[PDB]
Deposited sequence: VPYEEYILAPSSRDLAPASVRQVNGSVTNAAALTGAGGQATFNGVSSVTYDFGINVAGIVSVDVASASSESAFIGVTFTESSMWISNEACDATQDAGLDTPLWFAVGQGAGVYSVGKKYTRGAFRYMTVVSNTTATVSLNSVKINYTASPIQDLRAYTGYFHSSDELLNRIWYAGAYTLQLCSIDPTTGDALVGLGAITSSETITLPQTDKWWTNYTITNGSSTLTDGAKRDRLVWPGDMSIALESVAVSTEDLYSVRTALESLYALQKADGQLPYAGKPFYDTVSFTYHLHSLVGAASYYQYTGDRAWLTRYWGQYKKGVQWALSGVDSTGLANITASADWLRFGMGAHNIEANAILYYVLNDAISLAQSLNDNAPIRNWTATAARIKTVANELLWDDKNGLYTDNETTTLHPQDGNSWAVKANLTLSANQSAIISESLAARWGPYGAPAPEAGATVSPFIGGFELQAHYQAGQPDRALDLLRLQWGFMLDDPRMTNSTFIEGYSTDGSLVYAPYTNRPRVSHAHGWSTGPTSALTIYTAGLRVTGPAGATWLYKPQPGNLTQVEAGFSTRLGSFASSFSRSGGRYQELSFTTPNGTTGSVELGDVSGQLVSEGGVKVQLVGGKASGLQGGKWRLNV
């Protein structure tokens, strides 16, 4: 396994805290609970906050060697961010109030106390052991069984990335570990058990809803929600594919979502047991997820199984396209952003992307009948979207035909999809989006004074696709170095969202501690750095066809790789002064692909010796194997 040192995931599922952060009261040998030899003696009312170093998850067990009064109690509290360390409560999961400590009456006697997976804590970095009674207790250990990525070898990555920019490397591996943390045992889902409260009052919590079929599944957030969400998949899937390659949790998630499709084709806002809600964009995201799951797995059986449902969902989306040629949205539910309605640039951009995905899929399946309608509809969406929604003055798309707001999501998606009329226009959008950056990242005005890493990943893809890799690297540094290195963060996983002023306030949530610090949809940098900076782009099922387009920017060394069922993809180059010194790549045998290197002239040689001339920095029909530039 390459670059194992960067993999954050624990080397054992039997975890003890790494270090002692704080001792309140009189506690002997607190470090005993960190693996150091000995026992920890809590003498009366006391507490100790321990730090795991990384975000972890699982079931706590308290090994009591001794207790005094039959009324002795040891509590355990958990939190992701250091902001919420308390001897009286955990961080929050519900729309209001903090969650209660797990209270183990150690007064009954010695032994190991635990409440099992019903009280799984999905994410926490700091753990507080609390002695709230005057009694003296002696504890041999307080440990956790790590229950994330439940059926995987945690450090057996199949993908890797390593650049000359160490901050980027750490961002990549933090995103991978975030995704590992969001993959859970499906029987421990739904942290929103409650679907007004002050610190004295604590909220009961439990994880005992089976959200999907199978033995593993990828949810939106480790601590919460622990439901399946289609929108997050639009980043989570590709970031999983190039790192752990645990597409099984993605598949169970997607299958659970499709099991809930309605007779009109409408796909769910979220998996069970969330309220039945109509969301144009999230139905579309279910379609995007199916398409990209086929793209990376190449599972023809699975695609055949679900093609009828996919076409029904496409038709449900197309039922909204009106006389204008654009979709007229009547469902405000989206990524928790406001103002979702009417002729949204984001909805129609996702729709264009979806229609092109569907055309590609139907050509792969030789289902030519729906192709003409889909192609014509997509072309009309493009035309009328640029006629009615393009603001040439401000260089952005507006949210709809009757507003002055230019959204980050809509413009990002309009660049990611080929909705722009020209490459020049994509460049204008990239520049205008970058001009809005604040001291803490890219803003999403459609959701108020919010910075959304979710939308930040799509902005990254836009910047890369406009010809601005270094703009995207600057956004990576500015935003994700904040999410990684801010002292309030976790330094291992990525946050769900925050505010433009640098506060961890997330506008839709009044309960600030319920903001989860481990969300898969914030892992855009992993797939972005692998696909765009390193240049390894799958363009066919499981990599049957591919495209090598490294966009190094001002990077001097870049090495990356991942795997599919066809074989191993690898990229490696070193530059200086705007010229490649070395460039090599590997693709699975039997595949054919193309290369776009830029203002690079010379010849590519195969392992056999086949020589191909770069014409405009390009090449075509290239067989699979180890190729090098001379």
Deposited residues without C-alpha coordinates, grouped into stretches that follow sequence order | 196-202, 638
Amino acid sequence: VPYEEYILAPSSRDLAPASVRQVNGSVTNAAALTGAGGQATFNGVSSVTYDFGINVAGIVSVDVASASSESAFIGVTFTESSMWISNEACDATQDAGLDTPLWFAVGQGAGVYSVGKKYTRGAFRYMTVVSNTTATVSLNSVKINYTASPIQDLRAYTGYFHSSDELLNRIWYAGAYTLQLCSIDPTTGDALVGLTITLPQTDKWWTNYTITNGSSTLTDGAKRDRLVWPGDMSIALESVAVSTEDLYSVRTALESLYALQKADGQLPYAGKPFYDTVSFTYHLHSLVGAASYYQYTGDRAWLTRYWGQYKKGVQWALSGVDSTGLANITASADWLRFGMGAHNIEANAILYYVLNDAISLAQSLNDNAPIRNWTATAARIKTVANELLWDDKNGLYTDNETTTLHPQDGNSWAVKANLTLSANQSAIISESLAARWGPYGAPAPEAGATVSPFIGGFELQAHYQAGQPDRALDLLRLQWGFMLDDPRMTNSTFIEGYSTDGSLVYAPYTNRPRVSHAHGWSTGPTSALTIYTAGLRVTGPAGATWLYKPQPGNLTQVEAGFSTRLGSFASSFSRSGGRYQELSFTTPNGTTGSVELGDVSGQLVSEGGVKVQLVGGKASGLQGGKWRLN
From here on, numbers count along this sequence of modelled residues.
Could you check which stretch, 265-273 or 319-327, carries the larger mean CA temperature factor in the entry?
-> 319-327
Mean C-alpha B-factor higher for 224-232, or for 389-397?
-> 389-397
Residue selected from 61, 563, 592, 55 by maximal Cα B factor = 592
Could you say which of 175, 186, 481, 200 has its CA atom at the highest B factor, as listed in the PDB entry?
-> 200
Ordered by C-alpha B-factor within the chain, which third holds residue 335? Give me lowest, middle or highest, please.
-> middle
Thinking about Cα B factors across the chain, which third does residue 73 belong to?
-> highest
Record-listed C-alpha B factor of residue 486: chain third | lowest
Once the chain's modelled residues are ordered by C-alpha B factor and cut into thirds, is residue 140 in the lowest, middle or highest one?
-> middle
For residue 205, return the chain-relative third of its C-alpha B-factor as stated in the PDB record: lowest, middle or highest.
-> highest
